[PDB]
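Chemist: here's a sequence, model it:
(9 chains, ligands or ions: 12)
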Amino acid sequence: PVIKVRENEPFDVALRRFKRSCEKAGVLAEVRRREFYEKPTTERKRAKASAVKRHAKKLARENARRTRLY
Amino acid sequence: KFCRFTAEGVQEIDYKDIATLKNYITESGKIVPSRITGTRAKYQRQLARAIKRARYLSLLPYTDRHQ
Amino acid sequence: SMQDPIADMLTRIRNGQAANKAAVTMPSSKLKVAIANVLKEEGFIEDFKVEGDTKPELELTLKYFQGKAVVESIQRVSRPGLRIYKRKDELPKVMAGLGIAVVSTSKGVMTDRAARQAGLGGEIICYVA
Amino acid sequence: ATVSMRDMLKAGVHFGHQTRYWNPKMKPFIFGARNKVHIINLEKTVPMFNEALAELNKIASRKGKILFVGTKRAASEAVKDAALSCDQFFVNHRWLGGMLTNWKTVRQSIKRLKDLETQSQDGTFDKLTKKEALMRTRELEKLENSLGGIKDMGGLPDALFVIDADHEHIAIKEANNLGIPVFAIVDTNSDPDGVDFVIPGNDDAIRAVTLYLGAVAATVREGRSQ
Amino acid sequence: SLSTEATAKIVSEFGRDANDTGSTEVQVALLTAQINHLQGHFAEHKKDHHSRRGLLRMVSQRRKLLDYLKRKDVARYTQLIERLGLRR
Amino acid sequence: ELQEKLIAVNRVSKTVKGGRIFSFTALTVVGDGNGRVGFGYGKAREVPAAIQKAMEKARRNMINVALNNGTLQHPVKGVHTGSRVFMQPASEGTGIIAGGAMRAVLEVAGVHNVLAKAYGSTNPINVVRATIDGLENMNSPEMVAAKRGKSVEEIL
Amino acid sequence: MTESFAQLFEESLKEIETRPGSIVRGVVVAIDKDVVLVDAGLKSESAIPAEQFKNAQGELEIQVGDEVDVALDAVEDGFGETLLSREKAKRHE
RNA sequence: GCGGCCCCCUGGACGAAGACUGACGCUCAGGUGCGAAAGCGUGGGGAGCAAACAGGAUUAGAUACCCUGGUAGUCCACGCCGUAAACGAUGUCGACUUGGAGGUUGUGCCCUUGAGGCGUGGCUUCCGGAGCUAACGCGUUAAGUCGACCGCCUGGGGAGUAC
RNA sequence: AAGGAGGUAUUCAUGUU
Ligand SMILES: [Mg+2]
Ligand SMILES: [Mg+2]
Ligand SMILES: [Mg+2]
Ligand SMILES: [Mg+2]
Ligand SMILES: [Mg+2]
Ligand SMILES: [Mg+2]
Ligand SMILES: [Mg+2]
Ligand SMILES: [Mg+2]
Ligand SMILES: [Mg+2]
Ligand SMILES: [Mg+2]
Ligand SMILES: [Mg+2]
Ligand SMILES: [Mg+2]
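Modeler: Residues are numbered from 1 along each chain as shown, chains lettered A, B, ... in the order given. Ligands and ions are numbered 1, 2, ... in the order given. I have put the structure below:
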């Protein structure tokens, strides 16, 4: 994320652009993931668990529109 | 999202076309997910291969910072 | 691999009756047609026919009386892994006589009652109730 | 009295739900699919409807009580008018679980409603405080919405005419438990197993429910004329 | 695997027309050519266990075909295992 | 005219916050000694209330059995959960040679001669369900002939 | 003699067009405060919000029997209710 | 078990239409082979990581968790080893039995009107019906219904131990 | 870090930027 300062752009405005650019490239998430080694089994387990719960919540939501709560 | 390779009949993506490939890399230089671009999985694999071949021949940069 | 076409035909009848199908179809053979005739004459199936010249297909139209299927149970008795033969005195009585035991005697395939009257033993293909 | 394919087709009886919601048990009555929507085979509807009408007529002639059950927003007022105009009983609000199988407890509530209603006519809700005249009034309103169509039934009915077999599964199951035949308008997404006189056809259009109810009300009216 | 031209030559030699590809003789001949070819590969690639599993399937299939042929017509079998230079 | 029989009474517990709440369950069977038999399972805090609830529940939900002169039509098999139950028609005079729960249900349904044997879990609740299911899945020559489109003499 | 449902439906189908995106005549069957019940000859009578008819002048410019026109969304939508819309038909023409 | 890109050698799977062989099949004790990681032998190589170990803290104690280092090992070549929660805790082969939403890879047709519509194959994820399941569940990829053949089980501990 | 909104999420000309 290489942000060049634009003309007339105040520092706060440029800084917001730079922070969002980094958050878009996902630098901090990448660094946190590479702090410590995790076994391939741990990685696969975590990936599979997120998929299962994400799918379950989507299905739960898509059935919550069916019924009325009051 | 609509795939721009299925609608054009493209068989092979080609690594020598540095206009289409520039649309499919980000500013940092990484390949954009197919979930974002709406490309199909078959063309995604071809596209990733083409981008990697272009990087070797220095038609595309590996990252935004080595230059 | 298919190694008991008779059991396959019994299985198709059982599954078709359980799934309330009008008719079932299977590849044909003369032994299958013989068993089908015994069933039809005992009133367990409504009709049967064979269609096809080089690869005949045997079609059986199944019977339901009060919504329920007529064949309550049908089980292969002699099987390739264990053949069963019985002398004339030792013929079985399926459901105290209320069922039929398809017995392949030397004079053809018939019911247990017919073979017992004809004084024959033979192989026991199936029990039908 | 008598309906025909043109009348059913004008009211929209052939339309069903969309294909991905159907019941495989409902396949026989399905004509085809058009634009991802099932189409109901009116050649099955007409003889089934006429046969259900004949059985309903016979019950009405033998002085059987008919309970018109329909509670969807598309058939509440329709079922109320048909049962009033055919001299029979109805339920058009949320069916109380146990109306039939728990008739003893439901009957005590019926008695409470009658006493409350007579008290209102007499003027009893004047001696008590204003709050006790709104609480009891509110109690009467609730009891009317729930059991206002069967307050005079006095017993288990002899037939149910349920508009939506899908929505009113509880009522159909209680009927099957007790022994009461069910005449049900059944859509493509519904289960016809607990129904004794199935009538395939759209059950969500006001036009269609009015069609079924007018025919059924006329048959019961004529059978009681006898 | 075996090239298009190589298969065509073998089919002509062992089949009684250009369209006879299913004959036991032709099948054994095709299997034998491919088996003989792969020997050089597995001489250089002793650690290619995955490809070697494919090769063992071929060897196994040739034995089954030869057993059938020997039981079905012994004279064709002797002629074939002599032309193809195969023991037993 | 309905003979009734209580087969088993059993004390259960619920273990509420304050301690154990003991209640009673009663298994009963009623029958007219001529082919109709039903079972009822009632729970309560006292034994009389439990048996009363069970008897009432059993008088309802009765079914009809096709009995042959105080005996079965043919050998039957009944299975419910982990209970298998074999029953066989016997000759007049043998008596009812059956197990523990099977004895009560057969006596009240009017079977005077039977050879019965339970294979598997002999839990009275499941045994009663299995024997009643077997008695219900038993057909007579009349209905078998009607089903097959024959006469009874044709079926013999 | 009877025009079997096959031929009868074969006529009906070209008489009322069911395309997800085609405007069709719709007769208002009932006016309500915030909803309007229209019928286009489909699986159900759609409940359109009334503000497409109480116009920018705040006037419910229509009433019962008005052959309005509305956009077809689906002959059945999840809960057996045809989905229609008036401002869609508005915006198209 | 396999993850940059390129080349060379090589195995299997699937689809379309057609031709050919003519039961040549399925299963398989014994046997043979493959088989994570750790480990072993011989020689390499060694950036990072890291048993053992050394030190610093924590603690009533701390032969641990935490910190700073750090050797074998992890990498290569050639041999051993033969084992894992080697798991879908579900042997292989075949047939039959209501449905729905998807993924992935072929193919046919229709107006491709513009990513459309309509079919038909392979593999695969999730719901689910009847039926099966002590129950959980399972469900056309069964744990329904059947057939062929092989492997195993017979209370818990002693013990997967002794000989 | 905290809250709000939209979705299971984008088509949303390119250009400009
Ligand atoms: Mg036991
Ligand atoms: Mg072995
Ligand atoms: Mg190792
Ligand atoms: Mg070493
Ligand atoms: Mg070394
Ligand atoms: Mg350390
Ligand atoms: Mg082991
Ligand atoms: Mg593993
Ligand atoms: Mg696993
Ligand atoms: Mg194991
Ligand atoms: Mg499931
Ligand atoms: Mg040992």
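Chemist: all strands of chain G, in order?
Modeler: Secondary structure of chain G by DSSP state E: the strands cover G:23-31, G:35-39, G:46-49, G:67-74, G:83-85.
Chemist: give the buried residues for the longest one.
Modeler: Pointing back at strand G:23-31 there. Neighbour counts over strand G:23-31 (16 or more other C-beta atoms under 10 Å in any protein chain shown) mark G:23-24, G:26, G:28, G:31 as buried. C-beta: built from backbone N, CA, C; applies to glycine.
Chemist: got the strands of chain G as CSV, with distance to chain F columns?
Modeler: As requested, the strands of chain G are exported to CSV (distance: least, C-beta to the nearest C-beta, whole Å):
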stretch, distance to chain F
strand G:23-31, 48
strand G:35-39, 47
strand G:46-49, 45
strand G:67-74, 46
strand G:83-85, 47
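Chemist: show me the one of those that comes nearest chain B.
Modeler: Within these, the stretch nearest chain B is strand G:67-74; the backing value is 21.9 Å (C-beta to the nearest C-beta).
Chemist: send me that closest one as CSV with only the CA atoms.
Modeler: Presented in CSV, the C-alpha positions along strand G:67-74 are these (Å, rounded to 0.1, in the frame of the first residue of the first chain):
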residue,chain,number,x,y,z
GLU,G,67,-57.5,-1.7,-14.2
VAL,G,68,-54.1,-0.6,-13.0
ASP,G,69,-50.9,-2.1,-14.4
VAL,G,70,-48.2,-3.6,-12.3
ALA,G,71,-44.9,-5.5,-12.8
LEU,G,72,-44.9,-9.3,-12.3
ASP,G,73,-42.1,-10.4,-10.0
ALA,G,74,-43.1,-14.1,-9.5
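Chemist: and that strand, anywhere near RNA strand I?
Modeler: No - under the criterion of C-beta under 7 Å from any atom of the strand, RNA strand I is not reached by strand G:67-74; the shortest gap measures 14.3 Å.
Chemist: also stretch B:37-52?
Modeler: Yes - if you take C-beta under 7 Å from any atom of the strand as the test, stretch B:37-52 does meet RNA strand I, through B:37-38.
Chemist: mind listing residues that contact that stretch?
Modeler: B:1-6, B:10, B:12-15, B:21, B:24-25, B:31, B:34, B:60 (C-beta atoms under 8 Å, 6 or more residues apart in numbering or on different chains).
Chemist: give me the neighbour count for residue C:22.
Modeler: The burial count assigned to residue C:22 is 9, neighbours taken as other C-beta atoms under 10 Å in any protein chain shown.
Chemist: and it, backbone torsions?
Modeler: Torsion angles at residue C:22 (phi, psi; degrees, to the nearest 10) stand at phi -60, psi -50.
Chemist: what of residue F:119?
Modeler: Backbone torsions of residue F:119, given as degrees, to the nearest 10, read phi -110, psi 120.
Chemist: bridged to it, which residues?
Modeler: As for beta bridges, residue F:119 partners with residue F:84 under DSSP bridges.
Chemist: now do the contacts for it.
Modeler: Residues in contact with residue F:119, defined by C-beta under 8 Å, 6+ apart, are F:84-86.
Chemist: of the residues you listed - the most surrounded one?
Modeler: Using other C-beta under 10 Å as the neighbour criterion, residue F:85 leads the contacts of residue F:119 with 29 neighbours.
Chemist: measure that one to residue C:33 for me?
Modeler: When C-beta to C-beta, to the nearest Å is the yardstick, residue F:85 and residue C:33 sit 39 Å from each other.
Chemist: go on, residue E:65?
Modeler: Here residue E:65 is placed at a distance of 36 Å from residue C:33 (C-beta to C-beta).
Chemist: contact partners for residue D:94?
Modeler: If a contact means C-beta under 8 Å, 6+ apart, then residue D:94 has D:71, D:146 as its contacts.
Chemist: so it, which state does it fall into?
Modeler: For residue D:94, the secondary-structure state derived from DSSP: H, G, I helix; E, B strand; the rest coil is coil.
Chemist: return the residues of chain A in contact with RNA strand I.
Modeler: Counting by C-beta under 7 Å from any atom of the strand, the residues of chain A close to RNA strand I are A:6, A:58, A:61.
Chemist: which ones among those residues lie within helices?
Modeler: Judged by DSSP state H, these include A:58, A:61 as members of helices.
Chemist: about what we covered before: between the contacts of residue F:119, which sits nearest chain C?
Modeler: For the contacts of residue F:119, the minimum distance to chain C (C-beta to the nearest C-beta) is 14.1 Å, reached by residue F:86.
Chemist: which single residue of chain G ends up nearest RNA strand I?
Modeler: The shortest separation between chain G and RNA strand I is 12.5 Å, found at residue G:78 (distances taken as C-beta to the nearest atom of the strand).
Chemist: bridged to residue F:89, which residues?
Modeler: When bridges are taken as DSSP bridges, the partners of residue F:89 come out as residue F:114.
Chemist: pretty sure residue C:75 sits against residue C:10.
Modeler: Yes - under the criterion of C-beta atoms under 8 Å, residue C:75 makes contact with residue C:10 at 7.1 Å.
Chemist: tell me, what's touching those two both at once?
Modeler: Overlap between the neighbourhoods of residue C:75 and residue C:10 consists of residue C:126, taking contacts as C-beta under 8 Å, 6+ apart.
Chemist: more neighbours, those two?
Modeler: Set side by side, residue C:75 and residue C:10 show more neighbours around residue C:10, with 21 against 13, by other C-beta under 10 Å.
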